[PDB]
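The structure under discussion appears below in the form of structure tokens.
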Amino acid sequence: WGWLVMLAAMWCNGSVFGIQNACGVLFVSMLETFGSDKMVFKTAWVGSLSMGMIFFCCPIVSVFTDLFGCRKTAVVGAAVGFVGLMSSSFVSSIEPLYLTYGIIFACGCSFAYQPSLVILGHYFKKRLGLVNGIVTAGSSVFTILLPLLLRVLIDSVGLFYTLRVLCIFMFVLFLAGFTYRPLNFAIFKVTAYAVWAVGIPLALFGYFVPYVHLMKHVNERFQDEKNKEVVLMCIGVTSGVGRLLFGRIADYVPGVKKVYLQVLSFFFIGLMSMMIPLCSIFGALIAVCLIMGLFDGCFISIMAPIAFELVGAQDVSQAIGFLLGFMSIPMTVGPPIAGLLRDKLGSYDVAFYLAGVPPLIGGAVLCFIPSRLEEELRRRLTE
Ligand SMILES: N[C@@H](Cc1cc(I)c(Oc2cc(I)c(O)c(I)c2)c(I)c1)C(=O)O
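Residues 42 to 424 (my numbering) make up the sequence shown, in order.
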């Protein structure tokens with residue numbers, strides 16, 4: 042088995058999130074097929090539910106995996122994902138899609154992906170973090186490359202065939218799953234965690250809007266767009282390097298003392314989102330995309346260490362579970378509201394601005410977290 046555990050974990054992490062991020066390239070043609078009324082409002086749910094259900098289901102998997110074992114639940118996740126992707130075929134209306142794609146597919150994907158971490162632990166009972174960086178660099182490949190394959194694949198055979206063929210990834214995941222073989226509400230009393238856990242979800246209330254609506258905002262330059270997929274590929278091409286660099290950066294002395302760089306990340310990503318609906322020359326959009334992706338990777342990379350910095354090591358699991366439970370909502374509610382925001386009398390021009398407000402509030406809230414304080418001074422002032 043050996044290193045193949047990490048090798049297959051790479052494939053799993055790529056397979057799930059590459060699709061979840063290429064969702065837009067599906068959406069652009071899914072809207073066209075079996076098209077209308079008020080379609081843009083309904084369709085967004087197809088990807089919104091898919092992205093929300095993974096986070097909603099991740100915490101509960103911590104009971105299933107511990108109940109059945111590490112080897113299981115990965116086979117089951119892969120099989121359920123394959124069943125859902127296949128069932129997405131033979132659908133003559135958009136209504137069943139919410140159930141075939143989304144609910145079923147993500148309820149499979151979360152089961153497939155969650156146990157990967159528990160077995161990356163014990164990879165070699167050492168050298169954690171470096172393995173995670175390797176896996177991130179690997180999944181960067183699938184995030185970068187998949188949009189190119191799907192874009193050319195769609196025109197040859199329609200959406201139905203595309204989803205019926207994407208089952209190859211789930212099948213390979215199912216086969217690789219055989220490698221795995223091993224060989225609570227009291228948290229809120231901590232004020233720092235209480236503030237942070239509300240700050241982050243309030244910050245991400247527009248994070249997933251671009252990943253869904255950017256490919257449809259494109260075609261504003263209907264003629265000059267000799268190539269579209271690059272504009273979405275260059276988000277991941279920068280996210281990979283950003284995560285890789287910030288993994289190294291996090292622990293270095295000049296900035297490891299107490300990290301609040303997530304405030305900077307939110308500020309920059311919000312500003313760049315506020316920049317999209319204005320730039321006209323093509324290259325400016327790619328520059329904005331790179332600026333977005335770099336900090337998008339940085340913020341996600343820096344998250345986990347803050348978890349055990351704020352709270353003891355024992356409660357990190359519960360902390361992450363609650364955090365993902367809260368995070369389930371904003372990504373489900375974002376894209377639909379963003380689409381509808383001016384689906385009457387306008388375009389995304391008026392919708393991308395308001396997608397940029399929540400990040401600033403989130404950054405302020407996170408910057409409003411106390412520290413460097415202890416109660417030994419309580420004798421002096423308030424008593
Ligand atoms: N849109 C992103 C997808 C993505 C979102 C989040 I939020 C995230 O952060 C975590 C951290 C831990 I730790 C988890 O167990 C989980 I599940 C998600 C990661 I990694 C990836 C992209 O472009 O790839």
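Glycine included, every Cβ here is placed at the ideal spot set by N, Cα and C.
Any idea if residue i is buried or exposed, counting beta-carbon neighbours within 10 angstroms, 16 or more meaning buried?
i	result
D78	exposed
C320	exposed
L169	exposed
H163	exposed
residue 20	This structure cannot speak to residue 20, because the chain is shown only from 42 to 424.
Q355	exposed
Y202	exposed
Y389	buried
residue 425	The structure shown does not extend to residue 425, since the chain spans only 42 to 424, so no value can be given for it.
Please tell me whether, using a cut-off of 8 Å, the distance from the CB of residue i to the nearest non-hydrogen atom of ligand 1 is below it.
i	result
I341	yes
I276	yes
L158	yes
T184	yes
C408	no
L365	yes
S280	yes
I195	no
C99	yes
residue 38	Because the chain in this structure spans residues 42 to 424, residue 38 falls outside the shown range and cannot be described.
Using only alpha-carbon positions, find the residue among the options that is nearest to residue i.
i	options	result
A217	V46, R419, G277, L401	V46
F307	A244, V239, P411	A244
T220	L48, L395, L312	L48
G65	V104, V259, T279	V259
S342	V116, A178, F97	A178
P223	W86, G366, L158, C208	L158
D265	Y154, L312, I322, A345	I322
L90	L138, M127, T106	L138
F249	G199, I310, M211, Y234	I310
Flag this pair as yes or no: are the beta carbons of residue i and residue j separated by less than 9 Å?
i	j	result
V81	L72	yes
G283	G338	yes
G366	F58	no
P251	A63	no
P318	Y394	yes
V271	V406	no
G277	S103	no
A50	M92	no
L204	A119	no
Tell me whether residue i counts as near ligand 2, meaning its Cβ is closer than 8 Å to at least one heavy atom of that ligand.
i	result
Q359	As for ligand 2, it is missing from this structure, which binds only ligand 1.
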